[PDB]
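Here is what each chain is made of, one letter per residue.
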Amino acid sequence: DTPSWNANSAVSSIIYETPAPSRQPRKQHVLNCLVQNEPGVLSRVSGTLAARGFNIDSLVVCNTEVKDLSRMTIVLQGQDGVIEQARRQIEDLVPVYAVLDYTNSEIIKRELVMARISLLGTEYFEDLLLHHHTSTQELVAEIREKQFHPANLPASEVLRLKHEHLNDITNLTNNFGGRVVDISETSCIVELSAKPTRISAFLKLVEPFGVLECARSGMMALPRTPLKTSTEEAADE
Amino acid sequence: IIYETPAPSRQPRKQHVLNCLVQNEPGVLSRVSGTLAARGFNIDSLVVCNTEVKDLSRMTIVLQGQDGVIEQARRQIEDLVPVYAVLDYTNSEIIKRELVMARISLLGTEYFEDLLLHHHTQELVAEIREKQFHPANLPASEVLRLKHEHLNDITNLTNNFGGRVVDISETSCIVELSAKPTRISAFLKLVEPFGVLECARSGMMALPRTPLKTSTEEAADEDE
Amino acid sequence: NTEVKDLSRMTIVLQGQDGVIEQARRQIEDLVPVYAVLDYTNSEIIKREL
Amino acid sequence: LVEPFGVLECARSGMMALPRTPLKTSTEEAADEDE
Amino acid sequence: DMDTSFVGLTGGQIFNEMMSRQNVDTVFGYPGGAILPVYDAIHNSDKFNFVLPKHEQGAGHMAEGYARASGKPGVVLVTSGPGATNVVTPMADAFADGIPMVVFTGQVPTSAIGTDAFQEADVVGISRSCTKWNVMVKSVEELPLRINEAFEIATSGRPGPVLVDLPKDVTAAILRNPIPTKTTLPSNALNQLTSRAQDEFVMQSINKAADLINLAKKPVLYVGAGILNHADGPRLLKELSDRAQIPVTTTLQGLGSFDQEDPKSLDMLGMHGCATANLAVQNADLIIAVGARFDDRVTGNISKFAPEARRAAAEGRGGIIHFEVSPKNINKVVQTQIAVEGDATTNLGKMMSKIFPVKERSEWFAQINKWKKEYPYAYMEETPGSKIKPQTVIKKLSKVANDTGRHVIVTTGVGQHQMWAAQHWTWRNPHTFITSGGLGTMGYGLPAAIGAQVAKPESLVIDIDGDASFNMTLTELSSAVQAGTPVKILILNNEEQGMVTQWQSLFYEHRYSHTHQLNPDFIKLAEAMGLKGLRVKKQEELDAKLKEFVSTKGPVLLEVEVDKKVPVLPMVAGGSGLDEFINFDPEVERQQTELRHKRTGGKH
Amino acid sequence: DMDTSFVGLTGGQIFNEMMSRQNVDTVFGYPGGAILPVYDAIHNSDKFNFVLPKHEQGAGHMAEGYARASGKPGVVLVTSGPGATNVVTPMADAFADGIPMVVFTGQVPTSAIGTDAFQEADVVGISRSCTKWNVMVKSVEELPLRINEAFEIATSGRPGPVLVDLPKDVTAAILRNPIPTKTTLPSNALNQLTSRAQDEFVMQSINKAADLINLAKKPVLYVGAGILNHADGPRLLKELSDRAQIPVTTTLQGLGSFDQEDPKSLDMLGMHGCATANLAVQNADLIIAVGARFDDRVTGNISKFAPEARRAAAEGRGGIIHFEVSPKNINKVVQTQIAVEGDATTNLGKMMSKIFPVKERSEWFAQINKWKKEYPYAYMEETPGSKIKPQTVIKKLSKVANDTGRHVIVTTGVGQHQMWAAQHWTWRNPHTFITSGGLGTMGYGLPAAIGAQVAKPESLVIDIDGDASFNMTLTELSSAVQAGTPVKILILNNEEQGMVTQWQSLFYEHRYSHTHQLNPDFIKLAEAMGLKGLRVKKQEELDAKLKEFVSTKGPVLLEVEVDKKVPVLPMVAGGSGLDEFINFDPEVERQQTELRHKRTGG
Ligand SMILES: Cc1cc2nc3c(=O)[nH]c(=O)nc-3n(C[C@H](O)[C@H](O)[C@H](O)COP(=O)(O)OP(=O)(O)OC[C@H]3O[C@@H](n4cnc5c(N)ncnc54)[C@H](O)[C@@H]3O)c2cc1C
Ligand SMILES: Cc1cc2nc3c(=O)[nH]c(=O)nc-3n(C[C@H](O)[C@H](O)[C@H](O)COP(=O)(O)OP(=O)(O)OC[C@H]3O[C@@H](n4cnc5c(N)ncnc54)[C@H](O)[C@@H]3O)c2cc1C
Ligand SMILES: Nc1ncnc2c1ncn2[C@@H]1O[C@H](COP(=O)(O)OP(=O)(O)OP(=O)(O)O)[C@@H](O)[C@H]1O
Ligand SMILES: Nc1ncnc2c1ncn2[C@@H]1O[C@H](COP(=O)(O)OP(=O)(O)OP(=O)(O)O)[C@@H](O)[C@H]1O
Ligand SMILES: COC(=O)c1ccccc1CS(=O)(=O)NC(=O)Nc1nc(OC)cc(OC)n1
Ligand SMILES: COC(=O)c1ccccc1CS(=O)(=O)NC(=O)Nc1nc(OC)cc(OC)n1
Ligand SMILES: Cc1ncc(C[n+]2csc(CCOP(=O)(O)OP(=O)(O)O)c2C)c(N)n1
Ligand SMILES: Cc1ncc(C[n+]2csc(CCOP(=O)(O)OP(=O)(O)O)c2C)c(N)n1
Ligand SMILES: [Mg+2]
Ligand SMILES: [Mg+2]
Ligand SMILES: [Mg+2]
Ligand SMILES: [Mg+2]
């Protein structure tokens, strides 16, 4: 027999689950520099930002299949007056054509993550993470004593758990628009490209399985186009 | 077969569908709803739909009752001055769709019984948390797998019904589905044991199929 | 219509300043047959339309 | 995008919503620099 | 499309001009703050004759009476807030009886709307249920258009009330742009352009209706107020009554549409209707419903309404034919075999050619004559020693009204006096009876009389009120004098709420609870209001003072003390059908007279 | 939990018992067909009294006065159709001024609803926008529940009108099974879970409220009718004005909450409020709103309202503190700096003693008392060779009625007489002023005066009404002599619509469009209604008639012929601020008098 929500208890759960403001009024600023590919352009764009104390999150130099032309998607935080200041500093550099502002534009943000995830369960990962920690103590026996730890399971199991975990990770990866590119005897490698916040969500959901290696890189950006219907385009004045 | 085959019940009931073409003047929504409520009609849903046309709305009213009773409702609404016409889709091949978004827990029945009783504001609390497959008294690894096991079972249901999982958290997974109300309720009943946290059903949107069913009986009907 | 007896959910979209819209929230929430009117602006939500 | 083909008849709903919780990695949420 | 006539004019100046362009010569209303810019423009206008009541409810009812008498829409111009909430009852009354009137209410400035401002009310949201259609003019640009839309709807199909909410900033601002004065109504105007599927469709129903009339053996013409909404209405009704020789029965609001001293007249049917008409309906094989909506007060028990007509429909020998202008009222209470949508008068005129001429009906037309003798309008007649009684009062008043030679217009309140004035008065001319049937509002008589007098100054307007109906809108006597209306106010004083006391004597064992208000002195009241007030107390003082009350030149009041707890008979109540009525019996009333004294303790 | 004490009783019989369960001792209303099963049960009832009018509008207004006088919800029991639609206006009045009342209207049987039945009206839909809550009782099982819900909502938070439809088939049916009795309000579900969060919110805001109080250099206690919704309301009001030494101004509906005999009183502000109060608000650095909603008749112009308080807000010197019971009225007109949600009385009691007592504010009270000296209620006082001035009539009656040693309750209509009755009359003791402000309904004077004496039979009720307003409900005269209410009726007859003619003279060039109604002979009207009628033409006759009326045993009428075209002053209208008022001047009043005749000729 499955119980049902009460008319009152339902409302109580909603307002209790409704999250408090967990974000600043400021937003994710995105600047896209158009630079000339001269020897040392990377070192001076970074140097200009680092020497003036700007909280940058990524840089990412992108080729554009045009000779001697590159573009950098810079992501930073701060006030509008600070970002515009940071923008004008970079643009003043002579190998820089222009620095576009995407902080208020419909863009497509893309990070690329590659991570090897263990299939041997949480117990083994907890053991492995403790083993490599001891460098430069009775827990090693406490972990290897837990249930569902490989050493405490038959050979038919674990094999059945590895593929069960593999199915879970694959289903997580598929739903996020990713793919499993490698399947090891004890692990697997996933590949995912989406929004930076969507990557963070994926790397949190797949975290309990155990992330052996990881490579997140940075965010790339390309402007979308806000298309509206002919009755919403006629909504002028 | 004799034992399982479905059966009716006392005092039957059938569904009627109306489609209103109204002018988007100030009010309207309060006018049609008020007129139908001031006459004690059944009214299962209203759902105001926007046509991509300037100053033209569209409503899909779901009713039940005798054919002469709901006909009174049709003429009652059409008389209203911003209503262009009210069409009856109850005797025509139409496409009725309803949007539903549920949160649905991943922690199972035992935790769901705990969560409901917690917000319902003893001894039965202890017995629930002493069940075998509650998150408590159960290894963190098996909870992790049971989360994704439920996540898969829910995913397979949404897939079969032509839906999709749009969000996945550490304890729940928001699903989306657009289908017939008779199918929406079927899905909500199947995923019910997993424990539905939040839910929201749009109502019913109706659009008639472009008149086409048979190829050989088009002119070989000989009904005349 | 949620899957709870005698409980419905209404989603409203407004335009204007925060001071005007917040008043609209407090004006609806004060009504008798309502439990609480939540503000989903400045919040991560899944907007849907059919 | 479908408009050029010619929309003969359209039914577009209002707007419903369901709150989402923005997940962040344990390394990202560990950044509690509220000094 | 556009118009360059209202350029430079304010919202008030436009309203003043729009009234003359809608052919309006009489405006009822009460001034106020949010309606000031409008009243400033109608100040000493040469277009319409303004009437100032003492209460807004009076202004609305006077507009109803003006519409019931003249036919032209009754315009109401009041203020915002309380001034708009007082015209609710007149609107709901006109919405129930289908009376064409346009109500203009003031409103706070658009900037103040939604701030719980001074004298602010959701007038649109309130009148939404009791008006045909309401609208708030958002700008001066829409003002000439909204008014035209209001007057059209108020007179289209079945006439009704419309509300036009006028904000201050809208009626004060100056229009400086050319604007449209005509837009198509999305519901009927452009939809009716598909006329071929309607004009030729109704023609099929017309032909099938006429064939059923010629096939009818016992046809009853069911006539309502719908036939009065046309000039050639009553004429085509009489013509049909001579072509097929069918008897004609009318409702409370259908009185005056047909001659009652005609052998083909079944008088009024319904709850307190004659047994002749009721038994004619129950035994008819075909009922031609013309301009009626089959009210609960008429049909009685719907499960018992016209059993013979329903049987004839099953045998394909007869049934029910309905002439409605509003399809919403078709198949609402009774199942109609063949309906003829559109104007009743228009549809009757295009059916005469398809109806076979009848010389004389024998069997059934002689049976209804037996019912006229066995079951006529009966009541306890007067005896030496007993005080006056209402039945004989209306009887004599109807005789001294014809003796004048004037055009007699009669309005009533709501109660027992309303029923007696409806059945015992001989109605022969259209638009002569003006009463509240659908909503049944008390205090409707006096102001409706005033409004009717404005429409027809050279007509004898008589108000047959009760002591409870009157003394509700009591203050409007000062308006009858101010407007200079020679109305005739008659009060059947039984010192009680008679209609309710009857229900308490029949269905609640003579247990009268708060059914007796404290009446003032009506002849000292009249003197204070500024008009002479007469009073009849003795039985032999009736006839000699009944001519003085009518021959009086100007506003006059007459209080006639009558008998108490006299039930209106016949009566059809409970689960009883039209053939299960309760007629008059001198022995029963004699027992009820003693039983009442016993249960009440001699109090009444 | 369910009850079982109504088993066997009809719906009407249940209604009768619910009156005693809800402590109702008076029920107004008017019988009818669809409400018959209810009246058959309350026949000679031993639970309550029944005041029977002759118009449903009267019964509604009688319930308002009955509520404002005592503090109990006014009960109205009328029929369906037109009987219910006549109760719309008093419900709109009760919705604006916030008057607690429960209106029971009849209805056609449920099997006839939606068939355009006899005397059927969508009362639920009509009265939806002018009631806090309404419901149509579908079954006799719901009737004991819906009544308890109606009365609770009508008394919870800000008091207001609620309507309950009673179909005939529901009141005639017999209850044969147990029913739930206690209410099911969704507002309680939220406030229970969010109790501590709200409890901490209001306390932490009170601390901040008491902080800016101690920073105020020239504070003003801005009080409304919200303080009158509690017994210890005015009691805690004066004890805050005494402690922190704060001058007190009040709104029209809040009048009586502060005895203006107190040296700290500024009395009424607003459009027709004294210039002393309007200037005090404008020059204030901290305004403490106690139970007021900042009406447009109060603020004059939002753009320039309390400029010094808005200055002190940006400087952190003061601002505006708002004590409010319903969060809907916070920041809907003007923006406050501190919000204290809840009952103003109970909130002040918790903010009390966290405030620093003051000895004396020398400079602030000096300019205030100087403002009284140069800006009092100045008007054209009558000369021996002139007609009676209306303003002095109130001021005369003010002392005459008060020196009788009785409890005096004053009720007015709507117009110039309404303002003049609030300006000159000294308001000692609370709940003594009952008028219509939010909606401003004419004909509100007489019925409310009648119902107010039903609640307070020992008290002396006085109706200061105008001729145009009295003409709307003069019908309810013989109801006062039937209910046994010795009401005192005063008619300041100016033979015109003064409040409208005033606006027409200032903004419409003296064009009086249909503002002169033909008043009947009031003295003979009263005699016709079985009531003692009195008049006064000359000035010397007034002093004898006023003492004759207030001492008259039983219902009495008083008609005073006053001057023509007398504008209420000072006036704050148009796009002017409260400091930009139109002051009185006998010379510009003379010019306005002479130039009026030239544009009229009569
Ligand atoms: C105390 C009391 C007792 C009453 N008892 C009775 C009684 O016993 N008998 C009785 O007859 N009445 C009685 N009445 C009145 C009763 O309540 C209804 O009002 C009455 O039935 C109204 O008459 P009606 O339906 O024919 O006209 P309406 O109510 O005005 O209906 C008019 C119908 O005709 C249609 N129509 C309108 N105009 C046109 C047109 N131009 N062309 C075609 N169709 C049109 C309309 O769509 C509408 O459906 C009583 C009233 C009161 C107050
Ligand atoms: C012709 C005319 C002229 C007028 N001119 C003026 C004028 O010049 N000056 C003037 O002041 N008025 C004037 N008025 C009246 C004006 O229209 C308003 O009705 C008046 O301002 C009422 O203000 P109020 O806040 O005191 O009363 P209300 O309108 O009843 O204010 C209600 C407020 O009180 C609060 N409240 C109620 N109970 C509590 C509680 N227990 N705890 C906390 N808060 C509570 C409510 O939440 C609400 O915010 C005039 C009226 C008329 C008819
Ligand atoms: N917890 C999560 N956080 C972020 N993204 C998620 C999460 N779970 C799943 N996703 C991904 O989000 C995708 C939803 O795609 P969707 O079409 O709804 O984007 P959207 O409509 O633009 O909404 P949004 O603006 O929030 O991204 C899922 O298919 C899934 O790939
Ligand atoms: N352990 C594995 N060894 C080899 N191939 C694997 C393994 N696991 C999965 N694969 C398969 O290899 C595929 C990935 O091949 P991919 O599309 O990346 O071609 P690629 O870019 O040329 O890589 P590579 O250079 O290694 O051949 C997986 O989708 C999967 O089908
Ligand atoms: C009627 O006023 C409003 O509708 C209103 C409401 C909110 C805000 C503004 C207005 C318009 S107003 O302030 O300028 N008042 C007005 O035009 N006329 C006006 N006439 C009076 O006497 C009949 C009395 C009076 O209020 C005391 N107001
Ligand atoms: C008020 O009537 C109803 O509520 C009603 C309306 C539609 C259908 C049925 C009814 C109930 S009823 O037919 O039985 N009438 C009734 O209860 N009271 C009743 N009282 C009258 O005198 C005051 C007069 C009168 O109509 C002539 N009806
Ligand atoms: C406004 C209103 N209130 C109540 C009713 C119910 N009602 C109908 S008749 C009546 C009594 C009136 O009787 P009366 O007017 O004196 O005429 P009488 O029955 O005496 O002939 C009442 C209270 C109504 N129709 N309208
Ligand atoms: C029901 C209603 N109608 C109209 C108004 C507009 N109005 C406000 S005061 C007034 C004139 C009232 O004059 P009166 O009652 O005689 O007061 P007096 O002139 O004697 O001061 C009017 C018509 C209103 N407030 N309410
Ligand atoms: Mg997306
Ligand atoms: Mg299918
Ligand atoms: Mg009577
Ligand atoms: Mg006056």
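The coordinates are above.
Enquirer: Is there a simple way to think about unusual backbone geometry in this case?
Expert: Peptide bonds are, in most cases, trans, and in most cases residues other than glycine have a negative phi. Following E:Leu569, the chain continues to E:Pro570 via a peptide bond in cis, the omega torsion being 0°. Considering the arrangement of structural elements, one finds E:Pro570 in the loop between β18 (556-561) and α24 (586-600). Here F:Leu569 and F:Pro570 are connected by a cis peptide whose omega angle stands at 0°. Secondary-structure assignment places F:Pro570 in the loop between β18 (556-560) and α24 (586-600). Of note, A:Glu65 is a non-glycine position whose phi angle comes to about 55°, a positive value. Examined against the element boundaries, A:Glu65 turns out to sit in the loop between β3 (61-63) and β4 (69-76).

Enquirer: I'm lost on the site of ligand 3 in this one. Help?
Expert: Around ligand 3 sit A:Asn175, A:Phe176, A:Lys195, A:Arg198, A:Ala201, B:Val166, B:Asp167, B:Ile168, C:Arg48 and D:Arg20, and that is every residue in its neighbourhood. Interatomic distance of 2.4 Å between a backbone N/O atom of A:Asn175 and an oxygen atom of ligand 3. Burial of ligand 3 by the protein chains amounts to 68% of its free accessible area of 650 Å². Here the shell around ligand 3 is built from residues that sort into four nonpolar, one polar and five charged.

Enquirer: I would appreciate a short explanation of the interface of chain C and chain A in the present structure.
Expert: For interface size, the figure often reported is the accessible area lost on association. Between chain C and chain A, the contact holds eight residues from the first and ten residues from the second. When chain C packs against chain A, the two sides together hide about 740 Å² of surface, and 71% of this comes from carbon and sulfur. Here chain C and chain A share zero salt bridges between them. Our count for the contact surface shared by chain C and chain A stands at zero residue pairs in polar contact.

Enquirer: What am I meant to see in the pattern of salt bridges here?
Expert: Once the charged atoms of two side chains with opposite charge are near each other, the side chains can pair. Residues and elements named next belong to chain A. On inspection of all chains with the given rule, the structure shows 82 salt bridges over all chains. Two residues, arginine 88 and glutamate 84, come together in a salt bridge whose shortest N-O distance is 3.1 Å. One end of the pair, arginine 88, and the other, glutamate 84, are both in helix α3 (residues 80-91), four residues apart, so they sit about a helical turn from each other. By relative accessible area, which is 22% here, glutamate 84 ends up partly exposed.

Enquirer: What exactly am I supposed to notice about helix α6 (residues 156-175) of chain A here?
Expert: An α-helix turns once per 3.6 residues; consequently, residues spaced three or four apart project the same way. In this model α6(A) runs 29 Å from its N-terminal to its C-terminal C-alpha over 20 residues, within 8% of the 28 Å that 1.5 Å per residue would give. Within the sequence span of α6(A), burial applies to A:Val158, A:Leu161, A:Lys162, A:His165, A:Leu166, A:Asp168, A:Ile169, A:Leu172 and A:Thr173. The buried residues of α6(A) occupy an angular sector of 165° when projected down its axis, which confines them to one face. Contacts from the buried residues of α6(A) go to β6 (107-118), α4 (121-131), β7 (179-183), β8 (187-194) and α7 (196-205) of chain A together with α5 (140-160) of chain B. Count one or two residues on from α6(A) and you reach A:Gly177, which has phi positive near 85°.

Enquirer: Hey, could you run me through the side chain of E:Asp267 in this one?
Expert: Residues and elements named next belong to chain E. Residue placement: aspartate 267 occurs in strand β9 (residues 265-268). The buried charged residue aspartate 267 lacks any salt bridge partner; its closest oppositely charged side chain belongs to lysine 372, at an N-O distance of 9.2 Å. A polar contact is formed between the side chain of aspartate 267 and the side chain of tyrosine 377, at a distance of 2.8 Å. What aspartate 267 contacts, discounting residues up to four positions off in sequence, is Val248, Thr249, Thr250, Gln260, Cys274, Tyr377 and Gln423.

Enquirer: Would you explain the coordination of the magnesium ion (ligand 12) in this entry?
Expert: In a perfect tetrahedron of four donors around a metal, the angles come out at 109.5 degrees. In a perfect octahedron of six, they are 90 or 180 degrees. Residues and elements named next belong to chain F. Distances from the magnesium ion (ligand 12) to its protein donors, namely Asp467 (OD), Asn494 (OD1) and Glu496 (O), fall within the range 2.1 to 2.3 Å. The coordination sphere of the magnesium ion (ligand 12) comprises six donor atoms, whose angles at the metal cover 64 to 162°; the geometry is irregular. Positions of the donor residues of the magnesium ion (ligand 12) along the chain correspond to the pattern D-x26-N-x1-E. Here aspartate 467, found in helix α20 (residues 467-470), pairs with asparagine 494, found in the loop between β16 (488-491) and α21 (498-506); they are 27 residues apart in sequence, far enough to count as distant.

Enquirer: Sorry, what's going on with the arrangement of the chains here?
Expert: In this assembly twelve pairs of chains touch, with chains E and F having more contacts than any other pair. Spatially, chain A and chain E are disjoint, and the shortest separation between their C-alpha atoms is 16 Å. In this structure chain D stays clear of chain E, and the shortest span between their C-alpha atoms is 19 Å.

Enquirer: Whenever I open this one, the site of ligand 7 confuses me. Can you help?
Expert: Residues in contact with ligand 7 amount to 24 residues; listed here are only the nearest, E:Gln416, E:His417, E:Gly440, E:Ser469 and F:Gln119. Interatomic distance of 3.3 Å between a backbone N/O atom of E:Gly498 and an oxygen atom of ligand 7. Within the side chain of F:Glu56, a nitrogen or oxygen atom sits 2.9 Å from a nitrogen atom of ligand 7. In isolation ligand 7 exposes 580 Å². Once the protein is present, 98% of that is buried. Considering every element that reaches the shell around ligand 7, the biggest residue donor is helix α21 (residues 498-506) of chain E, with three residues.

Enquirer: Even after reading the chapter, I still don't get the coordination of the magnesium ion (ligand 11), so can you show me in this structure?
Expert: Residues and elements named next belong to chain E. Taken together, the protein ligands of the magnesium ion (ligand 11) are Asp467 (OD), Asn494 (OD1) and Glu496 (O), with distances of 2.0 to 2.7 Å. Read N to C, the donor residues that coordinate the magnesium ion (ligand 11) are spaced as D-x26-N-x1-E. Pair noted here: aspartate 467 is in the loop between β15 (459-466) and α20 (477-483) and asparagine 494 is in the loop between β16 (488-493) and α21, with a separation of 27 residues, a long-range link. According to the relative accessible area criterion, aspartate 467 is buried, its value standing at 1%.

Enquirer: Hey, could you run me through a positive patch on the surface in this one?
Expert: Residue and element names in this part refer to chain A. On the surface, a cluster of positive charge is made up of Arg110, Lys195, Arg198 and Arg224. Mapped onto the elements of the fold, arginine 110 is located in strand β6. A relative accessible area of 36% means that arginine 110 is categorised as partly exposed.

Enquirer: How do you make sense of the sheet that holds strand β5 (residues 133-136) of chain F when you look at a structure like this?
Expert: All names here are of chain F. One open sheet accounts for six strands, arranged β2-β1-β3-β4-β6-β5; its pairing is parallel. Because the sheet does not close on itself, it has two edges, and the strands there are β2 (49-51) and β5. Pairwise comparison of adjacent strand axes, ignoring direction, gives a mean angle of 20° for this sheet. Sheet topology note: the strand β1 (residues 26-30)/strand β3 (residues 74-78) ladder contains four bridges and is parallel. Along β3, the bridge assignment pairs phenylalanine 28 with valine 76. Against the sheet, helix α5 (residues 88-96) makes contact with β4 (101-107) and β6 (161-167), and its axis sits at roughly 145° relative to β6, the strand it touches most.

Enquirer: I tried to follow a negative patch on the surface on my own but got confused; where do I start?
Expert: Residue and element names in this part refer to chain A. A contiguous patch of negative charge on the surface is contributed by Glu126, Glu138, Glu142 and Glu145. The residue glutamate 138 is located in the loop between α4 and α5 (139-143) in this model. We classify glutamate 138 as exposed; its relative accessible area is 69%.

Enquirer: When you look at the sheet that holds strand β10 (residues 286-290) of chain F in this model, what are you seeing that I'm missing?
Expert: Working definition: the strands of a sheet are paired by backbone hydrogen bonds and lie parallel or antiparallel to each other. Residues and elements named next belong to chain F. Taking strand neighbours across the sheet as the criterion, the six strands line up as β9-β8-β7-β10-β11-β12 in an open arrangement whose pairing is parallel. The outermost strands of the open sheet, each flanked by one partner alone, are β9 (265-268) and β12 (338-341). Between one strand axis and the next, the sheet turns by 15° as a mean value, whatever way the strands run. Where strand β11 (residues 319-324) and β12 come together, four bridges link them in parallel fashion. From the neighbouring strand, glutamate 324 faces β12, where its bridge partner is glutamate 341.

What counts and what doesn't
- Residues numbered from 1 in each chain as written, not as in the entry; some residues may be left out.
- Chains lettered and ligands numbered in written order.
- Part of a larger assembly, values for the part shown.
- Heavy atoms only, no water.
- Residues with missing side-chain atoms left out of burial classes, pairs and counts.
- Helix = DSSP H or I, 4+ residues; strand = E, 2+ residues; numbered from the N terminus.
- Near = heavy atom within 4 Å.
- Polar contact = N/O pair within 3.5 Å; in protein donor to acceptor, adjacent residues only side chain to side chain.
- Areas by Shrake-Rupley, 256 points an atom, 1.4 Å probe, with all protein chains shown as cover.
- Nonpolar A, V, L, I, M, F, W, Y, C, P; charged D, E, K, R; others polar.
- Contact = heavy atoms within 4.5 Å.
- Buried area = accessible area lost by both parts, 1.4 Å probe.
- Salt bridge = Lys/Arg side-chain N within 4 Å of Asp/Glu carboxyl O.
- Buried < 20%, exposed > 50% of the residue type's maximum accessible area, 1.4 Å probe, protein only.
- Expected span 1.5 Å × (residues − 1).
- Arc of directions from axis to C-beta.
- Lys, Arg positive; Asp, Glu negative; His and termini not counted.
- Donors = N, O, S within 2.8 Å, 3.2 Å for Na, K, Ca; no water.
- Tetrahedral: all angles 85-135°; square planar, octahedral: opposite > 155°, others 65-115°.
- Patch = residues over 30% accessible without salt bridge, like charges linked within 9 Å, V, L, I, M, F, W, Y side chains within 5 Å.
- Charge placed at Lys NZ, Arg CZ, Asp CG, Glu CD.
- Pairing = 2+ DSSP bridges.
- Axes fitted to C-alpha atoms, helices over the stretch in contact; angles between N-to-C directions.

Nothing here speaks to function; it is all geometry.
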